[PDB]
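Okay, so here's the structure we're looking at.
Throughout, protein chains are lettered first and strands after them, A, B, ... in sequence-line order, and every chain is numbered starting at 1. Only this structure's heavy atoms are used, side chains among them; waters, hydrogens and symmetry mates stay out.
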Amino acid sequence: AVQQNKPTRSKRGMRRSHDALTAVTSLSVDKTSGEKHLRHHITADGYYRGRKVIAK
Amino acid sequence: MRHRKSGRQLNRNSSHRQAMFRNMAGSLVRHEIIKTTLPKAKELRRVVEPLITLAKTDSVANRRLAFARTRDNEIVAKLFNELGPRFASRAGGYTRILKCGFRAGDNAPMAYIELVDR
Amino acid sequence: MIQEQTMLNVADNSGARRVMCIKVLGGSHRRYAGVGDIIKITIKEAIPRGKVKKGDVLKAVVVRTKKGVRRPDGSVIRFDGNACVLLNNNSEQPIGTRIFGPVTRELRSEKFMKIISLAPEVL
Amino acid sequence: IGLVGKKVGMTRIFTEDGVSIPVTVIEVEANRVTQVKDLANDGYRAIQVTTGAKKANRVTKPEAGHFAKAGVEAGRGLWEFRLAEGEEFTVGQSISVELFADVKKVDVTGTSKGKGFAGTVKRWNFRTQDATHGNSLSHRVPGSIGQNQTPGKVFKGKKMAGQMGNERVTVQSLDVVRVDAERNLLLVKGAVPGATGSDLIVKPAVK
Amino acid sequence: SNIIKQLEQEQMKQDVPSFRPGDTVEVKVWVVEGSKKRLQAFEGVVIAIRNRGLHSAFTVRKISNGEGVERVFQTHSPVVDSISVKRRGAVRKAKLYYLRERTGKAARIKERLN
RNA sequence: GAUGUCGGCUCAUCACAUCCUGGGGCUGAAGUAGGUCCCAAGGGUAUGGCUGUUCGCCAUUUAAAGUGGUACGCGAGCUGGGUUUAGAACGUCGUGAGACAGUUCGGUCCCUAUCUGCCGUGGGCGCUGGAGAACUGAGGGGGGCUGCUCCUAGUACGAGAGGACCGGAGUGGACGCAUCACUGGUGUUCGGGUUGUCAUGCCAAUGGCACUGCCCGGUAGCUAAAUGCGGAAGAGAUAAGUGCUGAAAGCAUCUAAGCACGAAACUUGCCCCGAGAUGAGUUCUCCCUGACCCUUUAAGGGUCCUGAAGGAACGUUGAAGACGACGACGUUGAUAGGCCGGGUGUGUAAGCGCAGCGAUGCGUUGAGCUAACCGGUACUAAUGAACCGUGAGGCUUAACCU
RNA sequence: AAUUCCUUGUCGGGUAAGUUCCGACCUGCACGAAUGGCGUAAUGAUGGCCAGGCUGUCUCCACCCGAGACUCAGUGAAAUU
RNA sequence: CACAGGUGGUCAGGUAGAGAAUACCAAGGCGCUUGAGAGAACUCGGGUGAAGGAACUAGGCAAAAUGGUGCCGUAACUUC
RNA sequence: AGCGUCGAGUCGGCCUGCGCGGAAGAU
RNA sequence: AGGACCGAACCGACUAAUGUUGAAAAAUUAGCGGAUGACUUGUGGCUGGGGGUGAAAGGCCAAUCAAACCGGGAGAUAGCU
Ligand SMILES: C=C[C@]1(C)C[C@@H](OC(=O)CSCCN(CC)CC)[C@]2(C)[C@H](C)CC[C@]3(CCC(=O)[C@H]32)[C@@H](C)[C@@H]1O
Ligand SMILES: [K+]
Ligand SMILES: [K+]
Ligand SMILES: [K+]
Ligand SMILES: [K+]
Ligand SMILES: [K+]
Ligand SMILES: [K+]
Ligand SMILES: [K+]
Ligand SMILES: [K+]
Ligand SMILES: [K+]
Ligand SMILES: [K+]
Ligand SMILES: [K+]
Ligand SMILES: [K+]
Ligand SMILES: [K+]
Ligand SMILES: [K+]
Ligand SMILES: [K+]
Ligand SMILES: [K+]
Ligand SMILES: [K+]
Ligand SMILES: [K+]
Ligand SMILES: [K+]
Ligand SMILES: [K+]
Ligand SMILES: [K+]
Ligand SMILES: [K+]
Ligand SMILES: [Mg+2]
Ligand SMILES: [Mg+2]
Ligand SMILES: [Mg+2]
Ligand SMILES: [Mg+2]
Ligand SMILES: [Mg+2]
Ligand SMILES: [Mg+2]
Ligand SMILES: [Mg+2]
Ligand SMILES: [Mg+2]
Ligand SMILES: [Mg+2]
Ligand SMILES: [Mg+2]
Ligand SMILES: [Mg+2]
Ligand SMILES: [Mg+2]
Ligand SMILES: [Mg+2]
Ligand SMILES: [Mg+2]
Ligand SMILES: [Mg+2]
Ligand SMILES: [Mg+2]
Ligand SMILES: [Mg+2]
Ligand SMILES: [Mg+2]
Ligand SMILES: [Mg+2]
Ligand SMILES: [Mg+2]
Ligand SMILES: [Mg+2]
Ligand SMILES: [Mg+2]
Ligand SMILES: [Mg+2]
Ligand SMILES: [Mg+2]
Ligand SMILES: [Mg+2]
Ligand SMILES: [Mg+2]
Ligand SMILES: [Mg+2]
Ligand SMILES: [Mg+2]
Ligand SMILES: [Mg+2]
Ligand SMILES: [Mg+2]
Ligand SMILES: [Mg+2]
Ligand SMILES: [Mg+2]
Ligand SMILES: [Mg+2]
Ligand SMILES: [Mg+2]
Ligand SMILES: [Mg+2]
Ligand SMILES: [Mg+2]
Ligand SMILES: [Mg+2]
Ligand SMILES: [Mg+2]
Ligand SMILES: [Mg+2]
Ligand SMILES: [Mg+2]
Ligand SMILES: [Mg+2]
Ligand SMILES: [Mg+2]
Ligand SMILES: [Mg+2]
Ligand SMILES: [Mg+2]
Ligand SMILES: [Mg+2]
Ligand SMILES: [Mg+2]
Ligand SMILES: [Mg+2]
Ligand SMILES: [Mg+2]
Ligand SMILES: [Mg+2]
Ligand SMILES: [Mg+2]
Ligand SMILES: [Mg+2]
Ligand SMILES: [Mg+2]
Ligand SMILES: [Mg+2]
Ligand SMILES: [Mg+2]
Ligand SMILES: [Mg+2]
Ligand SMILES: [Mg+2]
Ligand SMILES: [Mg+2]
Ligand SMILES: [Mg+2]
Ligand SMILES: [Mg+2]
Ligand SMILES: [Mg+2]
Ligand SMILES: [Mg+2]
Ligand SMILES: [Mg+2]
Ligand SMILES: [Mg+2]
Ligand SMILES: [Mg+2]
Ligand SMILES: [Mg+2]
Ligand SMILES: [Mg+2]
Ligand SMILES: [Mg+2]
Ligand SMILES: [Mg+2]
Ligand SMILES: [Mg+2]
């Protein structure tokens, strides 16, 4: 099965109207380190909820 | 439908899953913290925590059951001599999962799983 | 749970030994006969001198089934084989004069009271 | 009117004459009248009821003000029952399962269990095609879905695969086996829609 | 849960005897033939037990008038008047479905002597 | 510059010239059972043997086994037996190549769906301040089948033979919805037996591999063969039909005026969807009661302060689920895992001791182990925040109140 | 009849029921003797028919294990128009 | 094509086994150049199935079944 | 006409205008 | 002894499913036939296009066969599109 007519740039754009990405709503701030991080995830420097959980 | 069913298939067959969790349980007991995918970490709790519970009561029978389930006498010794004693007064919850972002190669959600008194 | 093509043993002294169900009677698209239901049969095996012959087409009442019968408390009675009693095609009265093996209380009705009376036990 | 309850599960009642009655156990706690609707204000006659309990932190301010007007504790939801002409109720009144003490049969409404996306075999009792005899990839598939150029379309309501279950279902004319006001229980003969723990609406049988 | 367990507990028989698969049991059941109610005995080998509280059941197999018969009794049913163990059997398995393929000498169960 | 073909399968949909069930007139209609015509399309409307068959014949059912239309409905849905390629043979025709609306054996069925359509399921915006709920019901859909037995009654009817209407009670078939208490299936996540082999130093005990190695059982869940429930009654308006009163037409006449009956069709009643019903409805509750500047004076634009109700997001998740969605829960906490106790299943672990030359048996012991179950329990993970959403909501007119 | 149009010939067998099959009959549309006739043990991934066993082929499907399908990240076609 | 294809010779360990079959291993060599989740329909490849047992179908197609060694025993017909 | 009653029209053909039945189909 | 029997290698290709913009311009998987012979296989050689070769299918002769491929006559001819 294949198209009988070439779909338009308009229709292509309409299909892609749901493709937009969503930015992370907000980042959390660790209470000790002050580092931004994804909520419920450890920081880049290995903190979570103010505790040095992971060294380096 | 999967109503009320437990256990993740993890895109493996039963023999592969069993072997993988035996290996990963060994790794967590040895190192006390490992990094793995978040779903594997959640499944690993159901394998590792019963081994620690078993290890609270040191007997020949329990060491052999632990050996049947781990196949590593270094792991069995650590379970019975170190971890069982360390967790003697703790009613479950011997591990904690800490989410740690996404793997570079495949964007897999990752977590650390560690023993709680590490 | 007897259907077309099911082979049954015979629980009587009609002379038939093996019969095949060729119709479950008593409704359009009716799938199954259980204990106490009337079926159409053909005789597949009969003893040399009986009241019936191989190839005769007649009726039978199912008296024992492997699927069995449920009772009002949830209990089940199951038999090791399927068996029926041959009936005259017109009168629907037993051909034989003796009944072999147990039957069930499901046959206690006016039509089959003769089978109950002849049966060695009723479960 | 009826009452809102919860499906506890199924069991049986043995009678002395050796009948086992399969029963659904429905927990029917006090239904509290939260609003009375009348012709003047609402254009129809009904009671709104709540039952059970909700944690204060999950009760929104709009919900809480509605319950506070009635002078009732917050329950887990709100449901309406239409009133017949002689039926009168007051806001704050509690209605118990004793309502059904002399009711012989009930209709029970619940949300059926959810089967997710179901094929035509399961959803509509379509017959399978041959497992063998040359069948190519078409064992549980639906078969033809229409005719030809006339009408050159599929008709609305065509039975096809899709969401099955997880919908409102009423089972009518179930025997009331026992009304136990002390334990807040209604026992009805036979199965009713939904999973253990789901909400049930129980009404005297319409037929 | 607690509700159902309470509803079930009040219906449970309190004097059900101990028995095991392989035991010979005689079950006396009520038979109502008009106004006449009487006890009928069904004696045979217990081949299966379902332990399930009020929903407990057990399956008894006998060879009756030349025919194998199995009855699944609902243990707490009032139809079952009484259960008595006539012989204790020594078997390994919980479920003795293998006896369905056995007759006569092949179907014998050793007595459990303790 | 291709509109795939007989028959089957799957899935249908319409017509009515009706096969059954419903209503009715006439009968050469006693009854039972028929004949024939009228009304009626709600629902229902065989399985097999033979043959590629459609059909037909036959067997045995059924209330009945309707007739037609839909590309002789349906191959981007299946089949490929028939038919119509290439091989081969028979009969036949032909000197022959070959041929036959003769036969015979063998003989590749492609397509990831763009649009329409259809089944499901979301996102957007709208509905005029915002928000959380409960609804009304325009409208739409589903459902609508029927046997047998008994009673009425061996009554009415009939010479007898036989044998009712009307009305009542029960019990089924088929179909549908739900459910898992029971009976069962499954149950590669539970327990056990066992073959070969390799390993853990060895013994003993275990693990890997051999389709889950092969098996025997089996929890939860899912489930049918399991077991609950359904079709209706009632009402309205009618069809054919039957009438009342009644002239035109002193009579007669169901009809012209007027009035009454009358069917599974129709409108309701039952079940489900349903306010995008843009004609965007209703009810209840909740929230926001700050300054100032500017110009293209306007439903104008901006700045500072403010950020509610609620929402979303994230997390732990669910008998919810393709994803979205929907539901529960987030420490003031049982949301999930673990843990504790129980249940269930398997069927008497290991170790030790005893008996035996030994395989093995016996004791400790209904032991040990035990998933998705039940009852509990903050041990682990569900974070303080942050984010979105604002700051009293247009004009006109009427009525009521200042 | 690998040949018979009429034809599902007729009769018998087998089946509850057999346009096929087997046995006969002869009315050979249009067999027939090395473009061989009629048989024939053995042989055959050969054609037809029947029976026992066996079964999800089917009544009528259910559940389960895996690979896809679905979601996320990376890469990234096609016929057609 | 870093392609389930094709390509002659030589070597020949252990346990079980008639065996170079087959299972498990040794020496030795590999996990096959996308992964991660989820646990719908449907498709593919498999396992089990109550009662029935060819009713399926053009046709038992496919599946299920049988399956080893020793001994006993074995019909018509036959070119023996 | 209906019942000698009875007291005004009545009867049935022809021609012609317009209607009625005859009249069942498939999204 | 054997164009003997059962059965791997080896040589084949009867059935089914898959695949059919394939993993593959003929395969894969489960079954299947031959397997001391009219067997199979390596290397090299010979036969050439109206010609070869053919246990014969118009089969095969470099993914091409009722007359190969390449170049030429050549812009054959085309009352057809
Ligand atoms: C090739 C054409 C086919 C596929 C089949 C065709 O059938 C025939 O043409 C039968 S005669 C040819 C048979 N065969 C070659 C010997 C080729 C199919 C058949 C059935 C008709 C008779 C002619 C029209 C048709 C389209 C519709 C149809 O029914 C087809 C054509 C346009 C179709 O493309
Ligand atoms: K039709
Ligand atoms: K009539
Ligand atoms: K109709
Ligand atoms: K056509
Ligand atoms: K076709
Ligand atoms: K098409
Ligand atoms: K297709
Ligand atoms: K279009
Ligand atoms: K169940
Ligand atoms: K189960
Ligand atoms: K082993
Ligand atoms: K609205
Ligand atoms: K949804
Ligand atoms: K918990
Ligand atoms: K023991
Ligand atoms: K022991
Ligand atoms: K136990
Ligand atoms: K001929
Ligand atoms: K010749
Ligand atoms: K000869
Ligand atoms: K043959
Ligand atoms: K040439
Ligand atoms: Mg076009
Ligand atoms: Mg998109
Ligand atoms: Mg769970
Ligand atoms: Mg994957
Ligand atoms: Mg394995
Ligand atoms: Mg669900
Ligand atoms: Mg079918
Ligand atoms: Mg194919
Ligand atoms: Mg297939
Ligand atoms: Mg159109
Ligand atoms: Mg064209
Ligand atoms: Mg009509
Ligand atoms: Mg209609
Ligand atoms: Mg109607
Ligand atoms: Mg037919
Ligand atoms: Mg057609
Ligand atoms: Mg048609
Ligand atoms: Mg196709
Ligand atoms: Mg088509
Ligand atoms: Mg063909
Ligand atoms: Mg030819
Ligand atoms: Mg409708
Ligand atoms: Mg049913
Ligand atoms: Mg249960
Ligand atoms: Mg079971
Ligand atoms: Mg196991
Ligand atoms: Mg050992
Ligand atoms: Mg190994
Ligand atoms: Mg190996
Ligand atoms: Mg008059
Ligand atoms: Mg009806
Ligand atoms: Mg137990
Ligand atoms: Mg053990
Ligand atoms: Mg003991
Ligand atoms: Mg426990
Ligand atoms: Mg012929
Ligand atoms: Mg003939
Ligand atoms: Mg046959
Ligand atoms: Mg004949
Ligand atoms: Mg013949
Ligand atoms: Mg000849
Ligand atoms: Mg001659
Ligand atoms: Mg000659
Ligand atoms: Mg010859
Ligand atoms: Mg992608
Ligand atoms: Mg590669
Ligand atoms: Mg390669
Ligand atoms: Mg080779
Ligand atoms: Mg090998
Ligand atoms: Mg799957
Ligand atoms: Mg199988
Ligand atoms: Mg199993
Ligand atoms: Mg079965
Ligand atoms: Mg069975
Ligand atoms: Mg059989
Ligand atoms: Mg058949
Ligand atoms: Mg058929
Ligand atoms: Mg086969
Ligand atoms: Mg097989
Ligand atoms: Mg040979
Ligand atoms: Mg070849
Ligand atoms: Mg092969
Ligand atoms: Mg051979
Ligand atoms: Mg061989
Ligand atoms: Mg040729
Ligand atoms: Mg070639
Ligand atoms: Mg030429
Ligand atoms: Mg020239
Ligand atoms: Mg030219």
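For F:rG213 with F:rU194, the Watson-Crick or G-U wobble criterion holds, each of the two distances under 3.5 Å. A Watson-Crick or G-U wobble pair links F:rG318 with F:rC326, each of its two atom distances being under 3.5 Å. Taken as a pair, F:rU36 and F:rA252 do not qualify under the rule of Watson-Crick (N1-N3 plus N6-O4 or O6-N4) or G-U wobble (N1-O2 and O6-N3), both under 3.5 Å. Between F:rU47 and F:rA59 there is a base pair of the Watson-Crick or G-U wobble kind, both donor-acceptor distances falling below 3.5 Å. Nucleotides F:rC26 and F:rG221 fail to qualify as a pair under the Watson-Crick or G-U wobble definition, as the contacts are not both shorter than 3.5 Å. With both atom-pair distances required to fall under 3.5 Å, a Watson-Crick or G-U wobble pair links F:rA15 to F:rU67. A Watson-Crick or G-U wobble pair does not link F:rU114 to F:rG124 when both relevant atom distances must lie under 3.5 Å. Applying the 3.5 Å cutoff to both bonds, F:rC157 and F:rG162 register as a Watson-Crick or G-U wobble pair. Under the 3.5 Å cutoff applied to both distances, F:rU85 and F:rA320 fail to qualify as a Watson-Crick or G-U wobble pair.
Sequence order on RNA chain F of the closest nucleotides to D:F126 and B:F67 puts D:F126 first from the 5' end. Between D:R123 and E:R50, it is D:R123 whose nearest contact on RNA chain F lies nearer the 5' terminus.
In this entry the distance linking CZ of D:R127 with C1' of F:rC175 reads 12 Å, nearest Å.
The aromatic rings of A:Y48 and A:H37 sit perpendicular, their planes meeting at an angle over 60°, well past the 30° parallel limit.
The residues B:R90 and B:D117 are annotated as not salt-bridged, no charged nitrogen and carboxylate oxygen being separated by less than 4.0 angstrom. Taking 4.0 Å as the cut-off between side-chain N and carboxylate O, B:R103 and B:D106 count as a salt-bridged pair. Salt-bridge check for D:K54 with D:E63: passed, with a basic side-chain N closer than 4.0 Å to an acidic carboxylate O.
Of the candidates F:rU188, F:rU60, F:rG120, the closest approach to any side-chain atom of C:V57 belongs to F:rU60. In this structure, the nucleotide among F:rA372, F:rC229, G:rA16 sitting nearest to the side chain of C:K44 is G:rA16. The side chain of D:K207 lies closest to F:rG231 when the candidates are H:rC61, F:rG231, F:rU183.
Within the 4.0 angstrom heavy-atom criterion, base atoms lie near A:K31. D:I145 comes within 4.0 angstrom of a base, heavy atoms only. Across all strands, C:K67 comes closer than 4.0 Å to base atoms (heavy-atom distances). Using a 4.0 Å heavy-atom cutoff across all strands shown, E:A94 reaches at least one base atom of the nucleic acid. B:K40 comes within 4.0 angstrom of the backbone, heavy atoms only, and of no base. As judged by a 4.0 angstrom heavy-atom cut-off over every strand, D:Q48 is placed among residues touching the sugar-phosphate backbone only. Using a 4.0 Å heavy-atom criterion, one finds that C:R70 contacts the bases of the nucleic acid, with or without backbone contacts as well. D:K156 comes within contact range of the sugar-phosphate backbone alone, with a heavy-atom separation under 4.0 Å but no base atom that close. Residue-level contact check: E:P21 touches neither bases nor backbone, having no heavy atom under 4.0 Å from any strand. Here C:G74 lies in heavy-atom contact (under 4.0 Å) with sugar-phosphate atoms only. Among the protein residues, D:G146 comes within range of the nucleic acid bases, having at least one heavy atom under 4.0 Å from a base atom.
Because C1'-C2'-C3'-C4' is negative for H:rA54, its sugar is assigned to the south class. For G:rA16, the ring torsion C1'-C2'-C3'-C4' comes out positive, which puts the sugar in the north group. Sugar pucker annotation for F:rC16: south, assigned from a negative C1'-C2'-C3'-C4' dihedral. Judged by the sign of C1'-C2'-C3'-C4', the furanose ring of I:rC3 adopts a north, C3'-endo-like conformation. The pentose of J:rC65 belongs to the south class of puckers. Its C1'-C2'-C3'-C4' angle has a negative sign.
With D:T120 contributing its side chain and D:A161 its backbone, the two residues share no donor-acceptor pair below 3.5 Å.
Rounded to a whole angstrom, the distance from the P atom of F:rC209 to that of G:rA45 is 42 Å. Taking the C1' atom of each, F:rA265 and F:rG43 are spaced 11 Å apart, rounded to whole Å. Taking atom P on both nucleotides, F:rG34 is separated from F:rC165 by 14 Å, rounded to a whole Å. With both ends at atom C1', the span from F:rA41 to F:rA17 equals 13 Å, rounded to whole Å. A gap of 13 Å separates the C1' atoms of H:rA62 and G:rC58, to the nearest Å. Of the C1' atoms belonging to F:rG302 and F:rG330, the separation is 42 Å, rounded to the nearest Å.
Syn is the classification of F:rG144, since its glycosidic angle stays within 90° of 0.
Taking every heavy atom of both residues into account, C:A33 and C:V62 meet most closely at CB-CG2, 4.3 Å.
Remark: I:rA23 and I:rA24 are not stacked on each other (six-membered ring centres under 5.5 Å, interplanar angle under 30° not both met). Consecutive residues H:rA12 and H:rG13 do not stack, lacking base ring centres under 5.5 Å apart with planes under 30°. Under a stacking criterion requiring six-membered ring centres under 5.5 Å apart and planes under 30°, the adjacent bases F:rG347 and F:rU348 are classed as not stacked.
Side-chain atoms of E:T59 and E:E70 include no donor-acceptor pair closer than 3.5 Å. Side-chain polar atoms of C:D73 and C:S75 form a donor-acceptor pair below 3.5 angstrom.
In this structure, B:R2 reaches the F:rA319 phosphate: one of its side-chain N or O atoms is under 4.0 Å from OP1 or OP2. OP1 or OP2 of F:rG123 has not a single side-chain nitrogen or oxygen of A:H18 nearer than 4.0 Å. In terms of phosphate contacts, E:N2 brings a side-chain nitrogen or oxygen within less than 4.0 Å of OP1 or OP2 of F:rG376.
Side-chain atoms of D:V49 and D:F81, non-hydrogen and from C-beta on, do get closer than 4.5 Å to each other.
The aromatic ring of D:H133 does not stack onto the base of H:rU57, failing the criterion of a centre distance under 5.5 Å from the six-membered base ring together with planes under 30° apart.
Open room surrounds NZ on C:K54; 12 or fewer heavy atoms of other groups in view lie less than 6.0 Å from it.
When both distances must be under 3.5 Å, the Watson-Crick or G-U wobble mate of J:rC6 does not exist. Using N1 to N3 plus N6-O4 or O6-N4 for Watson-Crick, or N1-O2 and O6-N3 for G-U wobble, each under 3.5 Å, F:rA392 pairs with nothing.
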